[PDB]
$ cat work05.cif   # mmCIF, C-alpha atoms (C1' of nucleotides)
data_entry
#
loop_
_atom_site.label_atom_id
_atom_site.label_comp_id
_atom_site.auth_asym_id
_atom_site.auth_seq_id
_atom_site.Cartn_x
_atom_site.Cartn_y
_atom_site.Cartn_z
CA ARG A 1 -3.44 128.74 34.00
CA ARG A 2 -6.13 127.45 31.61
CA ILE A 3 -7.76 125.29 34.31
CA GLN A 4 -10.23 127.42 36.30
CA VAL A 5 -11.43 126.21 39.70
CA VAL A 6 -14.27 127.57 41.84
CA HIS A 7 -15.46 126.41 45.27
CA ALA A 8 -19.19 125.92 45.84
CA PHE A 9 -20.49 124.19 48.97
CA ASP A 10 -24.23 124.95 48.74
CA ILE A 11 -26.71 124.38 45.93
CA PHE A 12 -27.34 128.12 45.64
CA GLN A 13 -23.61 128.77 45.16
CA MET A 14 -23.44 126.09 42.46
CA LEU A 15 -26.51 127.52 40.72
CA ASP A 16 -25.01 131.01 40.83
CA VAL A 17 -21.69 129.76 39.43
CA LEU A 18 -23.40 127.92 36.56
CA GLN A 19 -25.66 130.89 35.78
CA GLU A 20 -22.63 133.19 35.72
CA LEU A 21 -20.88 130.77 33.37
CA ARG A 22 -23.94 130.73 31.10
CA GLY A 23 -24.09 134.52 31.05
CA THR A 24 -20.38 134.93 30.36
CA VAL A 25 -20.36 132.39 27.52
CA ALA A 26 -23.50 134.02 26.08
CA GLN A 27 -21.65 137.34 26.12
CA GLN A 28 -18.60 135.62 24.56
CA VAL A 29 -20.36 134.38 21.41
CA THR A 30 -18.21 136.69 19.27
CA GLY A 31 -14.95 135.30 20.62
CA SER A 32 -13.41 132.10 19.31
CA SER A 33 -10.83 131.31 22.03
CA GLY A 34 -10.86 131.16 25.81
CA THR A 35 -14.30 129.54 26.05
CA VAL A 36 -14.38 126.48 28.29
CA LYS A 37 -15.46 123.29 26.52
CA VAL A 38 -15.36 120.80 29.43
CA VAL A 39 -17.18 121.40 32.73
CA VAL A 40 -16.50 119.05 35.65
CA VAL A 41 -18.42 118.88 38.94
CA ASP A 42 -16.44 116.99 41.56
CA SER A 43 -19.48 115.86 43.57
CA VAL A 44 -23.14 116.62 42.95
CA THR A 45 -24.32 114.32 45.76
CA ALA A 46 -22.50 116.06 48.62
CA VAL A 47 -24.00 119.47 47.81
CA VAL A 48 -27.60 118.21 47.58
CA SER A 49 -27.50 115.36 50.12
CA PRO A 50 -28.37 117.57 53.16
CA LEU A 51 -31.38 118.92 51.25
CA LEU A 52 -32.99 115.46 50.99
CA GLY A 53 -34.70 113.57 53.81
CA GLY A 54 -38.01 114.04 55.56
CA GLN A 55 -41.38 114.14 53.82
CA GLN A 56 -40.93 117.53 52.11
CA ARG A 57 -40.52 118.20 48.38
CA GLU A 58 -38.20 121.20 47.87
CA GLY A 59 -35.01 119.13 47.64
CA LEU A 60 -36.30 117.14 44.68
CA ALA A 61 -37.31 120.37 42.95
CA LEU A 62 -33.89 121.91 43.59
CA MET A 63 -32.02 118.89 42.21
CA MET A 64 -34.34 118.74 39.19
CA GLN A 65 -33.73 122.43 38.49
CA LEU A 66 -29.98 121.88 38.76
CA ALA A 67 -30.25 118.94 36.34
CA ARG A 68 -32.34 120.98 33.89
CA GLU A 69 -29.90 123.89 33.85
CA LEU A 70 -26.96 121.49 33.45
CA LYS A 71 -28.68 119.82 30.50
CA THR A 72 -29.51 123.16 28.88
CA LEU A 73 -25.91 124.31 29.30
CA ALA A 74 -24.45 121.12 27.82
CA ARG A 75 -26.88 121.00 24.89
CA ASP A 76 -27.15 124.65 23.86
CA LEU A 77 -23.51 125.65 24.37
CA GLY A 78 -21.87 122.40 23.24
CA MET A 79 -19.97 121.61 26.42
CA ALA A 80 -18.93 118.25 27.87
CA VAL A 81 -20.23 117.95 31.44
CA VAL A 82 -18.97 115.28 33.85
CA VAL A 83 -20.32 114.78 37.37
CA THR A 84 -19.86 112.17 40.10
CA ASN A 85 -22.19 110.40 42.53
CA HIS A 86 -22.35 107.66 45.16
CA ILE A 87 -23.98 104.25 45.49
CA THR A 88 -26.98 103.19 47.60
CA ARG A 89 -28.15 100.03 49.43
CA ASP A 90 -26.23 96.86 48.55
CA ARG A 91 -28.54 94.55 50.53
CA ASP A 92 -30.48 91.57 49.19
CA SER A 93 -33.57 93.62 48.29
CA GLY A 94 -31.65 96.37 46.50
CA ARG A 95 -28.74 95.94 44.11
CA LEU A 96 -25.84 98.37 43.82
CA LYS A 97 -27.54 101.45 42.39
CA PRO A 98 -26.66 105.14 41.95
CA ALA A 99 -27.77 107.53 44.68
CA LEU A 100 -30.28 110.42 44.63
CA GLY A 101 -33.22 108.08 44.11
CA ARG A 102 -35.12 107.19 40.96
CA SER A 103 -35.67 110.76 39.73
CA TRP A 104 -31.95 111.36 39.16
CA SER A 105 -31.64 108.20 37.05
CA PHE A 106 -33.23 109.91 34.03
CA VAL A 107 -30.80 112.87 34.12
CA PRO A 108 -27.42 111.68 32.75
CA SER A 109 -26.61 110.19 29.35
CA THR A 110 -23.69 107.88 30.21
CA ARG A 111 -22.89 105.98 33.41
CA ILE A 112 -19.51 104.52 34.38
CA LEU A 113 -19.48 102.44 37.58
CA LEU A 114 -15.97 102.31 38.99
CA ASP A 115 -15.24 99.42 41.34
CA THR A 116 -12.39 97.75 43.20
CA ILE A 117 -11.15 94.20 42.67
CA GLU A 118 -11.06 91.59 45.43
CA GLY A 119 -8.62 88.83 46.29
CA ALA A 120 -5.32 88.68 44.43
CA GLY A 121 -4.40 91.83 42.55
CA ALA A 122 -6.21 94.11 45.00
CA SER A 123 -5.00 97.53 46.21
CA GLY A 124 -2.95 99.88 44.06
CA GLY A 125 -4.51 101.40 40.97
CA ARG A 126 -6.40 98.27 39.88
CA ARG A 127 -10.04 99.31 39.42
CA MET A 128 -12.81 97.61 37.44
CA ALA A 129 -14.69 99.92 35.07
CA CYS A 130 -18.16 99.11 33.75
CA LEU A 131 -20.71 100.87 31.54
CA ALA A 132 -24.19 100.72 33.06
CA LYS A 133 -26.21 103.15 30.91
CA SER A 134 -25.15 104.50 27.53
CA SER A 135 -28.43 104.40 25.55
CA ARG A 136 -26.29 103.98 22.40
CA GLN A 137 -24.37 100.68 22.74
CA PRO A 138 -24.83 97.34 24.51
CA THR A 139 -23.99 97.53 28.21
CA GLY A 140 -22.67 95.22 30.90
CA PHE A 141 -19.03 95.09 29.76
CA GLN A 142 -16.27 95.06 32.39
CA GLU A 143 -12.69 96.23 31.86
CA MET A 144 -9.52 97.08 33.81
CA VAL A 145 -8.07 100.52 34.53
CA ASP A 146 -4.80 101.27 36.33
CA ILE A 147 -4.20 104.70 37.87
CA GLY A 148 -1.14 104.11 40.05
CA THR A 149 1.07 103.49 37.02
CA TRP A 150 -0.98 105.89 34.86
CA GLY A 151 0.35 109.44 35.01
"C1'" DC B 1 -50.69 108.14 49.23
"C1'" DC B 2 -46.34 109.81 47.00
"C1'" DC B 3 -40.20 111.12 47.91
"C1'" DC B 4 -34.41 109.05 50.62
"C1'" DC B 5 -32.02 107.32 53.57
"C1'" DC B 6 -29.06 102.55 58.24
"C1'" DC B 7 -26.50 97.56 62.88
"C1'" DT B 8 -22.73 94.13 65.83
"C1'" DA B 9 -18.75 88.64 69.21
"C1'" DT B 10 -19.17 84.76 72.22
"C1'" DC B 11 -17.92 81.36 75.35
"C1'" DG B 12 -13.19 76.68 78.06
"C1'" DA B 13 -12.01 71.45 77.61
"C1'" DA B 14 -9.00 67.36 78.63
"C1'" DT B 15 -4.23 63.29 80.94
"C1'" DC B 16 -0.46 59.84 79.35
"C1'" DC B 17 3.84 56.89 79.92
"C1'" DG B 18 8.43 52.90 82.75
"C1'" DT B 19 14.24 52.17 82.74
"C1'" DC B 20 18.30 50.39 84.51
"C1'" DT B 21 22.60 45.75 88.06
"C1'" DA B 22 27.04 45.84 91.15
"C1'" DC B 23 30.49 43.41 94.28
"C1'" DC B 24 34.74 39.26 97.62
"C1'" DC B 25 36.52 37.58 102.61
"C1'" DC B 26 38.94 34.51 105.70
"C1'" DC B 27 42.99 29.99 108.98
"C1'" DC B 28 43.98 25.60 112.12
#

$ encode --input "work05.cif" --output "structure tokens"
Amino acid sequence: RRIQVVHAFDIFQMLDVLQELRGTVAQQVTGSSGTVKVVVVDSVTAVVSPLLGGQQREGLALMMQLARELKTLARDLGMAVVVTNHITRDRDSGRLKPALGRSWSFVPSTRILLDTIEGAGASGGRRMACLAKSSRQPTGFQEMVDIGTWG
DNA sequence: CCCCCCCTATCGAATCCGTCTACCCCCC
């Protein structure tokens, strides 16, 4: 009962939900309990992916505004925000890189690139976890995480 | 001028290599 879930399938719905959260927590400054401390977005790419494409510019502005409001929320109100994303071209010219282009790369503070192992030991919960960007510690370290036997 | 993003199977070819023997009949 302490885990609250809301469905948003368009960027306007997500913006409205986050603005409502900001307003409610601003009104709840007096209170000391019941205020959410962790905010999780299941997929920020799926909502904004249809808005990209073409030679227009409103999609980039919308995603930048969403990033700015997320950053203001997390900084001002001391919340931990976690979002997900997808990968882009794996061809020879372009390495495995996060989606949403170059402009989104400056938004987050920490990047964790989940991956699957190949050959022996594949399948199951065996996934390789790496830290791409942290801006606080050396990067490029690979570890192992099991989910099938975890919880 | 500048932005972000992907595809799909095909044909047929080319012969080699010999083993094993059995079984007697009839008087002036």

$ interface_residues --input "work05.cif" --of "chain B" --to "chain A" --cutoff "7 Å" --atoms "all atoms listed in the file" --output "list in words"
residues 3, 4 and 5 of chain B

$ resolve_selection --input "work05.cif" --expression "the PyMOL selection byres ((chain A and resi 70) around 12)" --output "PyMOL selection string"
chain A and resi 14-15+17-19+21-22+39-41+44+63-69+71-83+107-108

$ atom_distance --input "work05.cif" --atom1 "CA of residue 23 in chain A" --atom2 "CA of residue 105 in chain A"
28.0 Å

$ atom_distance --input "work05.cif" --atom1 "CA of residue 58 in chain A" --atom2 "CA of residue 42 in chain A"
23.0 Å

$ residues_around --input "work05.cif" --residues "residue 148 in chain A" --least-positions-apart "3" --cutoff "12 Å" --atoms "only C-alpha atoms (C1' of nucleotides)" --output "PyMOL selection string"
chain A and resi 123-127+145+151

$ atom_distance --input "work05.cif" --atom1 "CA of residue 139 in chain A" --atom2 "CA of residue 109 in chain A"
13.0 Å

$ closest_residue --input "work05.cif" --among "A:62, A:110, A:45, A:122" --to "residue 85 in chain A" --atoms "all atoms listed in the file"
A:45

$ residues_around --input "work05.cif" --residues "residue 141 in chain A" --least-positions-apart "2" --cutoff "7 Å" --atoms "only C-alpha atoms (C1' of nucleotides)" --output "tab-separated table (two decimals) with C-alpha atoms, in the coordinates of the input"
chain	number	residue	atom	x	y	z
A	130	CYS	CA	-18.16	99.11	33.75
A	131	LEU	CA	-20.71	100.87	31.54
A	139	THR	CA	-23.99	97.53	28.21
A	143	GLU	CA	-12.69	96.23	31.86
